[PDB]
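Enquirer:
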Amino acid sequence: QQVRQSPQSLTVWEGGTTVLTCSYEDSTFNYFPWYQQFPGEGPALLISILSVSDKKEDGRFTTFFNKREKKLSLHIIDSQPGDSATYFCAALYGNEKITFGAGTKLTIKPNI
Amino acid sequence: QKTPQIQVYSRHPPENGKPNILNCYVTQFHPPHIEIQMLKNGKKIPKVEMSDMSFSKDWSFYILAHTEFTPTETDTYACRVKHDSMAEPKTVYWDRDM
Amino acid sequence: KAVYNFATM
Amino acid sequence: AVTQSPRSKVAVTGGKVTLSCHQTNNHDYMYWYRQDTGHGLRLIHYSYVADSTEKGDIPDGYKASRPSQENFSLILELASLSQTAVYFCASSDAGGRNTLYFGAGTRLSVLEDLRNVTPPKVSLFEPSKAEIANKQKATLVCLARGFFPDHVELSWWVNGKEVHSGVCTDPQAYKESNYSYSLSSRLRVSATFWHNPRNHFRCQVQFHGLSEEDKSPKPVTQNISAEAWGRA
Amino acid sequence: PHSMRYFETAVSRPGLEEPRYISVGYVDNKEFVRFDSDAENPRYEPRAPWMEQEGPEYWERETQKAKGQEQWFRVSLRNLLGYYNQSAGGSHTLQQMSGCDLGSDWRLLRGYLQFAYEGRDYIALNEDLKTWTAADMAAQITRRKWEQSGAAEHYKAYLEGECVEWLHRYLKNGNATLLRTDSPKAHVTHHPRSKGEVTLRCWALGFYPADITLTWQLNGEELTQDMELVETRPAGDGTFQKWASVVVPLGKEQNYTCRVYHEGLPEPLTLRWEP
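Protein sequence lines correspond, in order, to chains G, B, I, H and A.
Just so you know, we're using the entry's author numbering here: the first sequence kicks off at 9 and counts up by one.
Just so you know, we're using the entry's author numbering here: the second sequence kicks off at 2 and counts up by one.
Just so you know, we're using the entry's author numbering here: the third sequence kicks off at 1 and counts up by one.
According to the entry's author numbering, the stretch in the fourth sequence is residues 1 to 215, 220 to 236, in order.
Just so you know, we're using the entry's author numbering here: the fifth sequence kicks off at 2 and counts up by one.
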């Protein structure tokens, strides 16, 4: 495989920070979007980032990029249960076909 | 739209009764399709090698057609070009002093 | 290396 | 707006399954993706214009069709046990780095035989009734169980339309038995509404099993409901 | 003072075949790559022998990239039929130049990306690379669409980012062809134009690169307003040629000197008629 996503499956508490990771093997890749899949529904673009930026930050979502070790990541800050979805890390060069990861299944357990 | 600039000439300094290449050099046209004919003594030459198409910073097009020939004191040579930007075809005869 | 274009006109 | 149909399909192996999609985004690229276990998005086929298509990463066993600009379709000549999955349509604008727009999805059960296809059964529980006394609204539970395979859609109609609000409706099946699933959902509604007798409450499902075409009491594409009035 | 550019053209065809996409790449104005839709096995192909280096992935990736562009172009033409409300029988030209000039410090000095439709300026990214300029009302829709989709950012990332990187790579890779120049050779000719006056002509031949200057002077004085001059042309061997000419009275042709300036000339060349 070409885009690696870990963990496969994740449960975290309400209020927490959440960290999804991703590593890619085509050094030449340029642009990296993240899709969000809520169950009952098909994926939808969440946040995206070029290889010239080191971080992109969309208000309690923020994606970080690292070239040297050919790795990147998504940080949710407040992590509430309206965030319980599958998240896909995506990667492509130029105008090539978007390459999608395996997915991480995020369960934000609510607080009680 | 832009009218073609034609120029007809030889690759090598022409001494008649000696093989050479005759060049027709069309430029400055928009749109890009063009009909270009190279005539010996009024009559079409069959095998005219042409250039690839390209264009320059004013967006306009330019191409080099040419065939081999052997100049003589008698035989006339020309380039005839049809393009939308021209009301009707333009011919241009060789001059071995140009 | 060639320009890749994004959104259609 | 992307829209797929059918939303759910059951099929016998060696059968012919055709899933269609449709996009009013006016896009030219269209993509059939395959999600396994809710995990991954793998390209099967795509198409940059009508009426031709191109093989993706998972082309084997799938044929594709782009009749119109708006209509793109996946065809399973002879269905196999592998091909059981969730399927995703998507459009995108031509050019680089454009966002794909996805359809809500299509689930496909491919089965060896139609020997185990069982409808559900449907319990409407009337409220806690200590909750009136505690904090004063009625949380009427529905529950479907003992249905295989998990192709159910729980609607909660009233005397007229169906209020989407106040409906924590589950995310999936629970694998109750190997060959049985469960699914519950809980509308919550008012003191006045549901004290007063002059209210209608219906739990409903649709079970995607067999059709009349596709071929024990015939376990076809059914409805099963469960109804109730207020307690004065 | 360096540059890279990619000049791509797309032409509509009424009938069955589809638009035509042709993409040609120039480095320091000298063609190095090209890709044609109308070829049989359409791929990006090199054009200078120094591009023979790049490995089969290079070709494959730029090829598939350009098929990406072909379609991008197909669609963009049809959009523009709607914006201007043109009928079905037609041929239409979409073209795009895009690139990066470099300082000697290996540093981006200006970026270029622009388009034109029926050889008219449609839209173009301003110098800043954050702002477009748009010509007629139709372009003002496409600015709209591209300001919404944050297109500026992504071109910018190619111009500064990727383009500049690859211009270096090419330069070092193809060095023994970037040295090359051919000095012009040059003679004067005597063509008795009128009763009273003749025509001398300064012929420059067999020179590369393209740019050159011809100046007829009369006793330390230029006559630019009076002379005839022909825009440079290509011979075909890869060399060029160009001449200039003046009207002089019969007998007094030894006053007139012509001069020829060229990069390839170590020292500038100065010329006189002789019988």
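Ideal Cβ placement from N, Cα and C applies to all residues, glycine included.
The alpha helix (DSSP H) that contains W194 (chain H), what's its start and end?
Expert: Residues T192 to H195.
Enquirer: Hey, could you find the ends of the alpha helix (DSSP H) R21 (chain A) is sitting in?
Expert: Premise fails: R21 (chain A) lies in the beta strand (DSSP E), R21 to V28, not in any alpha helix (DSSP H).
Enquirer: List the residues of chain I that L81 (chain A) touches, going by C-beta distances under 8 Å, in chain order.
Expert: Neighbours of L81 (chain A) on chain I, chain order: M9.
Enquirer: Which of the residues in the stretch 88–108 of chain H, read from start to end, lie with their CB under 9 Å from any CB of chain I?
Expert: Within the stretch 88–108 of chain H, the residues whose Cβ lies closer than 9 Å to some Cβ of chain I are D93, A94, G95, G96, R97 and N98, listed in chain order.
Enquirer: Look up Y123 (chain A) in the DSSP assignment and say whether it is helix, strand or coil.
Expert: Looking at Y123 (chain A) - three-state DSSP - the assignment turns out to be strand.
Enquirer: Let me see if you follow: with CB-CB separation under 8 Å, is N24 (chain B) close to chain A or not?
Expert: Answer yes: the Cβ-Cβ gap between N24 (chain B) and chain A drops below 8 Å somewhere.
Enquirer: Beta carbon of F116 (chain A), beta carbon of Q87 (chain A): below 8 Å?
Expert: Contact flag unset, no.
Enquirer: Compare the Cα-Cα distances from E213 (chain H) to each of H:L100, H:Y62, H:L114 and H:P59 and report the closest residue.
Expert: For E213 (chain H), the nearest C-alpha among the options comes from H:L114.
Enquirer: Once you ignore the five residues that flank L54 (chain G) on each side, which residues in its own chain have a CB closer than 7 Å to its CB?
Expert: Result list for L54 (chain G): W42, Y43, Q44 and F69, in chain order.
Enquirer: With respect to the beta strand (DSSP E) encompassing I132 (chain H), which residues constitute its N-terminal and C-terminal limits?
Expert: Where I132 (chain H) is concerned, there is no enclosing beta strand (DSSP E), although the alpha helix (DSSP H) it sits in stretches over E131 to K135.
Enquirer: Can you give me the start and stop residues for the beta strand (DSSP E) that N227 (chain H) sits inside?
Expert: Here the beta strand (DSSP E) through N227 (chain H) covers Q226 to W233.
Enquirer: Which two residues bound the contiguous beta strand (DSSP E) that contains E18 (chain A)?
Expert: Here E18 (chain A) belongs to no beta strand (DSSP E), and DSSP marks it neither H nor E.
Enquirer: Between which two residues does the alpha helix (DSSP H) containing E58 (chain A) stretch?
Expert: Per DSSP, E58 (chain A) belongs to the alpha helix (DSSP H) from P57 to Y85.
Enquirer: Under 8 Å between beta-carbons, which chain H residues line up against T94 (chain G)? List them in chain order, please.
Expert: Those within 8 Å of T94 (chain G) in chain H are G38 and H39.
Enquirer: Measuring alpha carbon to alpha carbon, tell me which of H:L41, H:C89 and H:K215 ends up nearest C21 (chain H).
Expert: When only C-alpha atoms are compared, the closest one is H:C89.
Enquirer: Select from the stretch 92–117 of chain G all residues with a C-beta closer than 8 Å to any C-beta belonging to chain A, and list them in chain order.
Expert: Those would be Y101, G102, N103 and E104, in chain order.
Enquirer: If you scan the stretch 95–159 of chain H from start to end, which runs of the beta strand (DSSP E) of 3 or more residues do you find wholly inside it?
Expert: The stretch 95–159 of chain H contains these whole beta strand (DSSP E) runs: 106–111, 121–125, 141–147 and 152–155.
Enquirer: Between A:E264, A:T216 and A:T233, which lies nearest to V247 (chain A) when the distance is taken from Cα to Cα?
Expert: The residue with the shortest Cα to Cα distance from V247 (chain A) is A:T216.
Enquirer: Between which residues of its own chain and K117 (chain G) is the CB-CB distance below 8 Å, once the five residues before and five after are set aside?
Expert: Excluding residues within five positions, the ones whose Cβ falls inside 8 Å are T19, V20, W21, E22 and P89.
Enquirer: Which residues in the same chain as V110 (chain H) place their Cβ atom closer than 7 Å to its Cβ, once the five residues preceding and following it in sequence are excluded?
Expert: If we look at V110 (chain H) and ignore the five residues flanking it on each side, its Cβ neighbours are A11, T13, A79, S80, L81, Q83 and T84.
Enquirer: Tell me which same chain residues have a C-beta within less than 7 Å of the C-beta of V49 (chain H), skipping the five on either side of it?
Expert: If we look at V49 (chain H) and ignore the five residues flanking it on each side, its Cβ neighbours are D28.
Enquirer: Give every residue of the same chain whose Cβ lies closer than 6 Å to the Cβ of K113 (chain G), excluding the five residues on either side of it in the sequence, and list them in chain order.
Expert: Only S17 and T94 meet the Cβ criterion.
Enquirer: Between which two residues does the alpha helix (DSSP H) containing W147 (chain A) stretch?
Expert: Element bounds for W147 (chain A): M138 to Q149.
Enquirer: Which one of B:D76, B:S11, B:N21 and B:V27 has the shortest CA to CA distance from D53 (chain B)?
Expert: Checked all of B:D76, B:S11, B:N21 and B:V27; the closest Cα to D53 (chain B) is B:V27.
Enquirer: For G18 (chain B), I'd like the list of residues in its chain whose CB is within less than 8 Å of its CB, leaving aside the five on either flank, ordered along the chain.
Expert: So the qualifying residues of the chain are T71, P72 and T73.
Enquirer: Taking Cβ-Cβ distances shorter than 8 Å, what residues in chain H pair up with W167 (chain A)?
Expert: In chain order: nothing, as chain H lies at least about 17 Å away.
Enquirer: Would you check if the distance between the CB atom of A7 (chain I) and the CB atom of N26 (chain H) is smaller than 8 Å?
Expert: No, these two residues do not count as a Cβ contact at 8 Å.
Enquirer: Is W60 (chain B) close to chain A? Criterion is C-beta to C-beta, closer than 8 Å.
Expert: With 8 Å as the cut-off, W60 (chain B) counts as an interface residue toward chain A.
Enquirer: Would you mind sorting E9 (chain A) into buried or exposed? The rule is 16 or more other CB atoms within 10 Å of its CB.
Expert: With 16 or more Cβ atoms within 10 Å of its Cβ, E9 (chain A) is classed as buried.
Enquirer: So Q4 (chain H) and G103 (chain H) are supposed to be a Cβ contact under 8 Å. How far apart are they, rounded?
Expert: Right, the Cβ-Cβ distance comes to about 4 Å (below 8 Å), so this counts as a contact.
Enquirer: Need the endpoints of the beta strand (DSSP E) that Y7 (chain A) sits in, please.
Expert: It spans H3 to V12 - the beta strand (DSSP E) in which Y7 (chain A) sits, taken as one unbroken run.
Enquirer: For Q242 (chain A), does the count of other Cβ atoms within 10 angstroms reach 16, so buried, or fall short, so exposed?
Expert: Flag for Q242 (chain A) reads buried.
Enquirer: Using 8 Å for Cβ pairs, my map puts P15 (chain B) next to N21 (chain B). What's the rounded Cβ distance?
Expert: That pair is a contact at about 5 Å.
Enquirer: Going residue by residue through the stretch 52–89 of chain H, where are the continuous beta strand (DSSP E) segments of at least 3 residues, counting only ones entirely within it?
Expert: Runs of the beta strand (DSSP E) inside the stretch 52–89 of chain H: 63–65 and 71–76.
Enquirer: Strictly by DSSP, which residues pair up with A11 (chain H)?
Expert: DSSP output for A11 (chain H) lists H:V110 as bridge partner(s).
Enquirer: Could you work out which residue in G:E65, G:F108, G:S92 and G:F37 is closest to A98 (chain G) when comparing CA atoms only?
Expert: Measuring from the Cα of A98 (chain G), the nearest candidate turns out to be G:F108.
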